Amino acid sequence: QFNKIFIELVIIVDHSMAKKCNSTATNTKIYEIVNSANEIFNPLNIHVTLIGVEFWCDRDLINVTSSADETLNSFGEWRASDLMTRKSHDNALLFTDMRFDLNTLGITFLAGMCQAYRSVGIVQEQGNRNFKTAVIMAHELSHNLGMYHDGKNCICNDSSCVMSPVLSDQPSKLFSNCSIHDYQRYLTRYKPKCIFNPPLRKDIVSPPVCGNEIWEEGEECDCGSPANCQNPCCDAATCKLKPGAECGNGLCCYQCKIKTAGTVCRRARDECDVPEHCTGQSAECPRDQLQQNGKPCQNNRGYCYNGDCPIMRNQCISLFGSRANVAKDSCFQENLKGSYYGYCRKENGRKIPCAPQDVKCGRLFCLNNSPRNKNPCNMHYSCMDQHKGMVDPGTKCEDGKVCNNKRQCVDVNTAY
(Lines of atoms letter the chains of each structure in order from A and count residues from 1; the text may use other names and numbers.)
(Lines give C-alpha, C1' and ligand atoms only; values in the text may rest on other atoms or scores of the structure.)
Protein backbone atom coordinates (compact mmCIF):
# COMPACT_ATOMS: atom_id res chain seq x y z
CA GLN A 1 0.00 0.00 0.00
CA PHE A 2 0.96 3.68 0.13
CA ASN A 3 1.85 5.96 3.01
CA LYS A 4 -0.94 8.21 4.22
CA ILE A 5 -0.69 11.49 2.34
CA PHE A 6 -2.56 14.73 3.05
CA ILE A 7 -3.12 17.57 0.62
CA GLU A 8 -3.93 20.89 2.29
CA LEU A 9 -6.19 22.25 -0.43
CA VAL A 10 -7.57 25.74 -1.02
CA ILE A 11 -10.24 26.13 -3.70
CA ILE A 12 -10.84 29.28 -5.71
CA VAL A 13 -14.23 30.04 -7.23
CA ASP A 14 -13.80 32.53 -10.07
CA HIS A 15 -16.20 35.28 -11.08
CA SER A 16 -17.95 32.85 -13.44
CA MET A 17 -19.08 30.66 -10.52
CA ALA A 18 -19.08 33.70 -8.23
CA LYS A 19 -21.86 35.28 -10.30
CA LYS A 20 -24.42 34.34 -7.67
CA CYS A 21 -21.80 35.31 -5.06
CA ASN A 22 -24.13 33.76 -2.50
CA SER A 23 -22.03 31.00 -0.95
CA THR A 24 -24.00 28.26 0.87
CA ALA A 25 -25.18 26.45 -2.27
CA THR A 26 -21.69 26.49 -3.82
CA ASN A 27 -19.86 25.22 -0.74
CA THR A 28 -22.37 22.38 -0.45
CA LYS A 29 -21.51 21.41 -4.02
CA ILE A 30 -17.81 21.85 -3.24
CA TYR A 31 -17.86 19.79 -0.03
CA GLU A 32 -19.56 16.97 -1.90
CA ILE A 33 -17.09 17.11 -4.79
CA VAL A 34 -14.16 17.01 -2.37
CA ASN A 35 -15.58 14.16 -0.30
CA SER A 36 -16.24 12.33 -3.56
CA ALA A 37 -12.63 12.95 -4.56
CA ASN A 38 -11.35 11.35 -1.34
CA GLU A 39 -13.57 8.35 -2.02
CA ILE A 40 -11.68 8.03 -5.31
CA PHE A 41 -8.25 8.57 -3.72
CA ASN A 42 -8.88 6.06 -0.92
CA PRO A 43 -7.08 3.08 -2.58
CA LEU A 44 -3.96 5.26 -2.77
CA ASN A 45 -4.07 6.56 0.79
CA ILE A 46 -4.36 10.11 -0.54
CA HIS A 47 -6.51 12.48 1.49
CA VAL A 48 -7.39 15.96 0.33
CA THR A 49 -8.24 18.18 3.28
CA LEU A 50 -9.96 21.43 2.37
CA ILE A 51 -8.44 24.08 4.64
CA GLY A 52 -9.77 27.04 2.68
CA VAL A 53 -12.12 28.46 0.08
CA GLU A 54 -12.04 31.88 -1.57
CA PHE A 55 -14.53 33.67 -3.79
CA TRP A 56 -13.75 36.20 -6.49
CA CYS A 57 -17.10 37.98 -6.18
CA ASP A 58 -15.60 41.38 -6.99
CA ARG A 59 -13.49 40.57 -10.04
CA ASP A 60 -11.36 37.82 -11.55
CA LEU A 61 -7.90 38.34 -10.02
CA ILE A 62 -6.40 36.90 -13.24
CA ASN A 63 -7.71 36.72 -16.80
CA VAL A 64 -9.53 33.43 -17.21
CA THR A 65 -9.21 33.04 -20.97
CA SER A 66 -10.52 30.25 -23.20
CA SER A 67 -7.00 28.82 -23.31
CA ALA A 68 -6.60 26.33 -20.47
CA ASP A 69 -2.81 26.54 -20.76
CA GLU A 70 -2.80 30.32 -20.53
CA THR A 71 -5.18 30.43 -17.57
CA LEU A 72 -3.29 27.81 -15.57
CA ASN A 73 0.00 29.64 -16.05
CA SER A 74 -1.60 32.89 -14.89
CA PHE A 75 -3.24 31.09 -11.98
CA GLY A 76 0.04 29.51 -10.92
CA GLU A 77 1.88 32.83 -10.82
CA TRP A 78 -0.98 34.29 -8.78
CA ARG A 79 -1.09 31.39 -6.35
CA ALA A 80 2.59 32.06 -5.67
CA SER A 81 2.55 35.86 -5.48
CA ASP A 82 -0.83 36.39 -3.82
CA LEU A 83 -2.36 33.34 -2.14
CA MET A 84 0.79 31.68 -0.75
CA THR A 85 1.83 34.99 0.79
CA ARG A 86 -1.53 35.27 2.53
CA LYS A 87 -2.53 31.70 3.40
CA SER A 88 -0.41 28.58 3.88
CA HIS A 89 -1.45 25.52 1.87
CA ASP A 90 -0.14 22.63 -0.23
CA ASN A 91 -2.12 22.76 -3.47
CA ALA A 92 -4.71 25.12 -4.98
CA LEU A 93 -7.50 24.50 -7.48
CA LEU A 94 -9.53 27.02 -9.46
CA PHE A 95 -13.13 26.02 -10.08
CA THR A 96 -14.71 27.69 -13.12
CA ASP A 97 -17.66 27.67 -15.55
CA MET A 98 -15.43 28.87 -18.37
CA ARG A 99 -15.70 26.82 -21.57
CA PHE A 100 -12.03 26.32 -22.47
CA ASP A 101 -11.03 25.48 -26.04
CA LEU A 102 -10.39 21.94 -27.29
CA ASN A 103 -13.18 20.67 -24.98
CA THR A 104 -10.85 20.58 -21.97
CA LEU A 105 -12.39 20.12 -18.52
CA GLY A 106 -9.31 20.41 -16.32
CA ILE A 107 -5.60 21.13 -16.41
CA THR A 108 -2.54 21.03 -14.10
CA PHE A 109 1.26 20.73 -14.04
CA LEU A 110 3.07 17.39 -14.01
CA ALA A 111 4.57 16.41 -10.66
CA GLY A 112 4.02 19.93 -9.36
CA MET A 113 2.68 19.07 -5.91
CA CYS A 114 4.31 21.29 -3.26
CA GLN A 115 5.96 23.61 -5.79
CA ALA A 116 5.04 27.30 -5.42
CA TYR A 117 4.18 28.15 -9.05
CA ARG A 118 3.16 24.65 -10.08
CA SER A 119 1.10 23.19 -7.25
CA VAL A 120 -2.05 24.43 -8.95
CA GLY A 121 -4.85 23.11 -11.14
CA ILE A 122 -7.94 24.22 -13.03
CA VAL A 123 -11.29 22.46 -12.91
CA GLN A 124 -14.44 23.20 -14.86
CA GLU A 125 -17.46 22.58 -12.64
CA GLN A 126 -19.95 20.22 -14.32
CA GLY A 127 -23.05 21.98 -13.00
CA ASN A 128 -24.52 19.58 -10.45
CA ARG A 129 -22.93 16.39 -11.73
CA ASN A 130 -20.81 16.49 -8.56
CA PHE A 131 -19.28 13.03 -8.91
CA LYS A 132 -18.25 13.61 -12.53
CA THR A 133 -16.58 16.76 -11.22
CA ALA A 134 -14.79 14.82 -8.49
CA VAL A 135 -13.16 12.64 -11.14
CA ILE A 136 -11.72 15.73 -12.85
CA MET A 137 -10.33 17.06 -9.57
CA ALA A 138 -8.83 13.60 -8.99
CA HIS A 139 -7.55 13.39 -12.57
CA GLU A 140 -5.67 16.64 -12.06
CA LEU A 141 -4.32 16.25 -8.54
CA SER A 142 -2.93 12.92 -9.74
CA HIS A 143 -1.20 14.54 -12.72
CA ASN A 144 0.21 16.81 -10.04
CA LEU A 145 1.46 13.70 -8.21
CA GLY A 146 3.41 12.37 -11.20
CA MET A 147 0.60 10.28 -12.66
CA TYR A 148 0.23 10.01 -16.45
CA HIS A 149 -2.63 9.07 -18.79
CA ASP A 150 -3.70 5.46 -19.22
CA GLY A 151 -2.15 3.98 -22.34
CA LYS A 152 -2.41 0.78 -24.39
CA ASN A 153 -2.51 -1.82 -21.61
CA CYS A 154 -3.57 -0.18 -18.34
CA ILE A 155 -6.47 -1.98 -16.66
CA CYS A 156 -9.23 -1.38 -14.11
CA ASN A 157 -12.61 -2.99 -13.43
CA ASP A 158 -14.54 -0.20 -15.17
CA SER A 159 -12.57 -0.12 -18.45
CA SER A 160 -12.43 3.66 -17.99
CA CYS A 161 -10.18 4.61 -15.09
CA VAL A 162 -9.57 8.08 -13.66
CA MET A 163 -6.40 8.69 -15.67
CA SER A 164 -7.96 8.06 -19.09
CA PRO A 165 -7.22 10.98 -21.43
CA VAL A 166 -10.96 11.13 -22.08
CA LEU A 167 -13.62 11.61 -19.40
CA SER A 168 -16.42 9.11 -19.97
CA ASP A 169 -20.08 9.94 -19.29
CA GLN A 170 -19.95 7.49 -16.39
CA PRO A 171 -16.28 7.87 -15.32
CA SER A 172 -14.79 5.16 -13.17
CA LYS A 173 -13.74 5.79 -9.59
CA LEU A 174 -10.80 3.42 -9.91
CA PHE A 175 -7.13 4.08 -10.66
CA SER A 176 -5.24 2.09 -13.26
CA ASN A 177 -2.51 -0.50 -13.30
CA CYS A 178 -0.16 2.09 -14.77
CA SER A 179 -1.27 4.88 -12.43
CA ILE A 180 -0.42 3.07 -9.19
CA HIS A 181 3.07 2.48 -10.57
CA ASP A 182 3.46 6.05 -11.85
CA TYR A 183 2.55 7.39 -8.39
CA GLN A 184 5.00 5.09 -6.61
CA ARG A 185 7.62 6.36 -9.04
CA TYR A 186 6.65 9.96 -8.28
CA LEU A 187 7.21 9.54 -4.55
CA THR A 188 10.63 7.88 -4.72
CA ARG A 189 11.78 10.58 -7.12
CA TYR A 190 10.38 13.96 -6.08
CA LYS A 191 9.98 12.97 -2.41
CA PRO A 192 7.37 15.67 -1.60
CA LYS A 193 7.73 16.92 1.98
CA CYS A 194 4.65 19.14 2.12
CA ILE A 195 2.20 16.22 2.09
CA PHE A 196 2.99 14.05 5.12
CA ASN A 197 1.25 15.53 8.14
CA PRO A 198 -2.48 16.47 8.09
CA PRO A 199 -3.78 19.91 9.09
CA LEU A 200 -5.07 20.55 12.60
CA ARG A 201 -8.75 19.57 12.87
CA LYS A 202 -9.27 23.19 13.84
CA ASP A 203 -8.28 24.35 10.35
CA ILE A 204 -10.25 21.90 8.17
CA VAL A 205 -13.23 23.84 6.76
CA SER A 206 -15.04 20.93 5.13
CA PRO A 207 -18.01 19.62 7.17
CA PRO A 208 -16.75 16.62 9.20
CA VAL A 209 -17.17 13.15 7.71
CA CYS A 210 -16.71 9.91 9.64
CA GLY A 211 -14.69 7.15 7.98
CA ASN A 212 -12.73 9.42 5.61
CA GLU A 213 -9.49 8.54 7.42
CA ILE A 214 -9.31 12.22 8.35
CA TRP A 215 -9.56 13.09 12.04
CA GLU A 216 -11.82 16.13 12.04
CA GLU A 217 -13.47 18.35 14.64
CA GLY A 218 -16.39 16.61 16.33
CA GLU A 219 -15.06 13.14 15.56
CA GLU A 220 -13.73 11.12 18.48
CA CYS A 221 -11.37 9.31 16.11
CA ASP A 222 -11.37 7.97 12.54
CA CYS A 223 -9.71 4.80 11.23
CA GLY A 224 -11.74 5.06 8.05
CA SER A 225 -14.34 2.54 6.93
CA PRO A 226 -15.10 -0.63 8.94
CA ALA A 227 -13.76 -2.44 5.89
CA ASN A 228 -10.15 -1.27 6.06
CA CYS A 229 -9.80 -0.26 9.73
CA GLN A 230 -7.11 -1.79 11.93
CA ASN A 231 -7.42 0.62 14.86
CA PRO A 232 -7.90 -1.47 18.06
CA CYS A 233 -9.30 1.57 19.85
CA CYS A 234 -11.74 3.28 17.50
CA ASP A 235 -15.22 2.38 16.32
CA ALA A 236 -14.87 1.91 12.58
CA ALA A 237 -18.47 3.07 12.26
CA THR A 238 -19.50 5.69 14.83
CA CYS A 239 -16.00 7.17 14.96
CA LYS A 240 -16.01 6.71 18.73
CA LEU A 241 -13.26 5.48 21.04
CA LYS A 242 -13.39 1.80 21.98
CA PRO A 243 -13.52 0.64 25.66
CA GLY A 244 -10.34 1.86 27.36
CA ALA A 245 -8.62 4.31 25.01
CA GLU A 246 -7.96 8.05 25.28
CA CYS A 247 -7.26 8.51 21.57
CA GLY A 248 -7.45 6.75 18.22
CA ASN A 249 -5.23 8.86 15.98
CA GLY A 250 -2.59 11.53 16.48
CA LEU A 251 1.17 11.76 16.81
CA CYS A 252 0.60 12.09 20.56
CA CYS A 253 -1.19 8.76 20.88
CA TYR A 254 0.58 5.51 21.77
CA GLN A 255 -0.90 2.09 22.57
CA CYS A 256 -4.13 4.10 22.42
CA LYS A 257 -3.12 6.46 25.23
CA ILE A 258 -2.30 10.19 25.13
CA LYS A 259 1.48 10.72 25.29
CA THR A 260 2.72 12.72 28.28
CA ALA A 261 3.65 16.40 28.00
CA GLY A 262 7.17 17.38 27.01
CA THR A 263 7.40 14.32 24.76
CA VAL A 264 8.45 15.05 21.18
CA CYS A 265 5.62 14.29 18.76
CA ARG A 266 7.33 15.55 15.60
CA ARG A 267 11.11 15.82 15.28
CA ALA A 268 12.91 18.24 12.98
CA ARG A 269 13.17 16.77 9.48
CA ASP A 270 16.01 18.98 8.28
CA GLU A 271 17.92 21.97 9.63
CA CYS A 272 15.06 24.13 8.37
CA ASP A 273 12.60 22.51 10.75
CA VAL A 274 11.61 23.04 14.38
CA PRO A 275 10.38 20.10 16.50
CA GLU A 276 7.01 19.89 18.24
CA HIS A 277 6.28 18.21 21.58
CA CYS A 278 2.99 17.01 23.05
CA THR A 279 1.01 19.34 25.30
CA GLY A 280 -0.25 16.27 27.10
CA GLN A 281 -3.77 17.62 26.79
CA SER A 282 -4.50 16.19 23.34
CA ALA A 283 -3.41 13.36 21.07
CA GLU A 284 -3.06 15.87 18.24
CA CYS A 285 0.50 17.14 17.89
CA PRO A 286 0.68 20.96 17.93
CA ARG A 287 0.72 22.89 14.63
CA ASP A 288 3.82 22.04 12.62
CA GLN A 289 6.21 24.96 12.54
CA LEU A 290 9.41 25.18 10.52
CA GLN A 291 12.57 27.17 11.08
CA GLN A 292 12.54 30.95 10.69
CA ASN A 293 12.72 31.83 7.00
CA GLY A 294 16.09 33.34 6.16
CA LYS A 295 18.04 31.17 8.58
CA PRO A 296 21.23 29.99 6.79
CA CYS A 297 21.29 26.33 5.70
CA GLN A 298 23.59 23.85 3.96
CA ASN A 299 26.66 25.60 5.38
CA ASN A 300 25.51 28.97 4.09
CA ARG A 301 24.86 27.54 0.63
CA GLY A 302 21.34 28.94 0.92
CA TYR A 303 18.62 30.21 3.29
CA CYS A 304 15.63 28.30 4.67
CA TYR A 305 12.32 28.68 2.90
CA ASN A 306 9.02 27.29 4.15
CA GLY A 307 10.90 24.21 5.28
CA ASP A 308 13.37 23.73 2.43
CA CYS A 309 16.84 24.99 1.52
CA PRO A 310 16.73 25.74 -2.23
CA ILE A 311 20.11 25.79 -3.99
CA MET A 312 20.67 26.46 -7.69
CA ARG A 313 22.99 23.48 -8.15
CA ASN A 314 20.33 21.05 -6.95
CA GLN A 315 17.61 22.52 -9.14
CA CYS A 316 20.01 22.07 -12.05
CA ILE A 317 20.38 18.42 -11.10
CA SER A 318 16.61 18.02 -10.91
CA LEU A 319 16.35 19.30 -14.46
CA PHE A 320 19.45 17.96 -16.20
CA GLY A 321 20.74 15.10 -14.08
CA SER A 322 23.57 14.32 -11.69
CA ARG A 323 26.15 15.66 -14.13
CA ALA A 324 24.66 19.19 -14.14
CA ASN A 325 25.55 22.43 -12.34
CA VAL A 326 24.82 26.18 -12.46
CA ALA A 327 26.09 28.08 -15.50
CA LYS A 328 28.39 31.10 -15.43
CA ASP A 329 26.75 34.46 -14.66
CA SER A 330 27.21 35.40 -18.32
CA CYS A 331 24.22 33.18 -19.14
CA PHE A 332 21.76 34.87 -16.80
CA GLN A 333 22.17 38.03 -18.86
CA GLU A 334 19.75 36.40 -21.29
CA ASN A 335 17.10 37.26 -18.71
CA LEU A 336 17.30 40.95 -19.60
CA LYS A 337 15.97 40.38 -23.11
CA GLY A 338 12.52 39.43 -21.86
CA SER A 339 12.77 36.61 -24.42
CA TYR A 340 10.31 33.74 -24.52
CA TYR A 341 12.45 31.95 -21.92
CA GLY A 342 14.58 34.77 -20.58
CA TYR A 343 12.46 36.96 -18.30
CA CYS A 344 11.28 37.42 -14.72
CA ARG A 345 7.72 38.44 -13.95
CA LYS A 346 4.77 38.20 -16.31
CA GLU A 347 1.90 40.67 -16.60
CA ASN A 348 -1.14 39.43 -18.51
CA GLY A 349 0.93 36.68 -20.10
CA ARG A 350 3.32 39.39 -21.29
CA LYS A 351 6.93 38.52 -20.39
CA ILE A 352 8.86 41.24 -18.59
CA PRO A 353 12.69 41.47 -18.58
CA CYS A 354 14.58 41.37 -15.27
CA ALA A 355 16.20 44.45 -13.80
CA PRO A 356 19.98 43.90 -13.84
CA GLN A 357 19.62 43.21 -10.11
CA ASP A 358 17.15 40.33 -10.51
CA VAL A 359 18.76 38.29 -13.30
CA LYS A 360 19.50 35.46 -10.87
CA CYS A 361 15.76 34.99 -10.31
CA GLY A 362 14.45 34.54 -13.83
CA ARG A 363 15.13 31.50 -15.99
CA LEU A 364 17.63 29.09 -14.45
CA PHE A 365 20.65 28.31 -16.62
CA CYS A 366 22.70 25.18 -16.09
CA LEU A 367 26.03 23.86 -17.26
CA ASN A 368 24.98 20.28 -17.97
CA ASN A 369 28.38 18.67 -18.46
CA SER A 370 26.95 15.83 -20.55
CA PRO A 371 28.71 15.05 -23.88
CA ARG A 372 27.11 15.86 -27.25
CA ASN A 373 26.66 19.36 -25.82
CA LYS A 374 27.78 22.62 -27.41
CA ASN A 375 25.77 25.04 -25.27
CA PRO A 376 27.23 26.29 -21.95
CA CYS A 377 23.90 27.91 -21.09
CA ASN A 378 21.37 25.08 -20.80
CA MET A 379 17.87 26.02 -19.70
CA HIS A 380 14.48 24.35 -19.41
CA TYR A 381 11.41 25.68 -21.22
CA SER A 382 8.03 24.43 -22.38
CA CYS A 383 5.24 26.71 -23.51
CA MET A 384 2.89 24.40 -21.59
CA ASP A 385 5.10 24.47 -18.49
CA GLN A 386 7.00 27.75 -18.36
CA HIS A 387 7.35 28.12 -14.59
CA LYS A 388 9.41 24.94 -14.33
CA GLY A 389 12.84 26.11 -15.39
CA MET A 390 12.59 29.42 -13.59
CA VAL A 391 14.66 29.80 -10.42
CA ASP A 392 12.79 28.32 -7.46
CA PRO A 393 11.61 31.13 -5.19
CA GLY A 394 13.52 31.11 -1.92
CA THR A 395 16.81 30.42 -3.69
CA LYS A 396 19.90 32.38 -2.70
CA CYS A 397 20.73 34.77 -5.55
CA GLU A 398 23.59 36.59 -3.77
CA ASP A 399 25.14 36.64 -0.30
CA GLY A 400 22.37 37.99 1.90
CA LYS A 401 19.82 37.91 -0.92
CA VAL A 402 17.14 35.47 -2.09
CA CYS A 403 14.45 35.42 -4.77
CA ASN A 404 10.99 36.17 -3.42
CA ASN A 405 7.79 34.70 -4.82
CA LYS A 406 7.76 37.45 -7.45
CA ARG A 407 10.91 36.80 -9.50
CA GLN A 408 12.89 39.47 -7.60
CA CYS A 409 16.32 39.08 -5.99
CA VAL A 410 15.44 40.93 -2.81
CA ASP A 411 17.22 41.19 0.54
CA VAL A 412 16.56 38.27 2.89
CA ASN A 413 15.87 40.64 5.79
CA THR A 414 13.20 42.34 3.68
CA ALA A 415 11.89 39.19 1.98
CA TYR A 416 10.83 37.86 5.38
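Throughout, we count residues from 1 along the sequence that is shown.
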{"property": "Of 48 to 56 and 366 to 374, the one with larger mean CA B-factor", "result": "366 to 374"}
{"property": "Stretch exceeding the other in mean C-alpha B-factor - 189 to 197, 158 to 166", "result": "158 to 166"}
{"property": "Top residue by Cα temperature factor, when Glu77, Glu246, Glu276, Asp101 are compared in the entry", "result": "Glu246"}
{"property": "Options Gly106, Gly112, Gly342, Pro232 - largest CA temperature factor per the record", "result": "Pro232"}
{"property": "Third assignment of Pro208 from its chain's C-alpha B-factors", "result": "middle"}
{"property": "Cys383 by Cα B-factor - lowest, middle or highest third of the modelled chain", "result": "highest"}
{"property": "Ranked C-alpha temperature factor of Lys401 among modelled chain residues, by third", "result": "middle"}
{"property": "Chain-relative CA temperature factor third for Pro226", "result": "highest"}
{"property": "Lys202, C-alpha B-factor rank within chain (lowest, middle or highest third)", "result": "middle"}
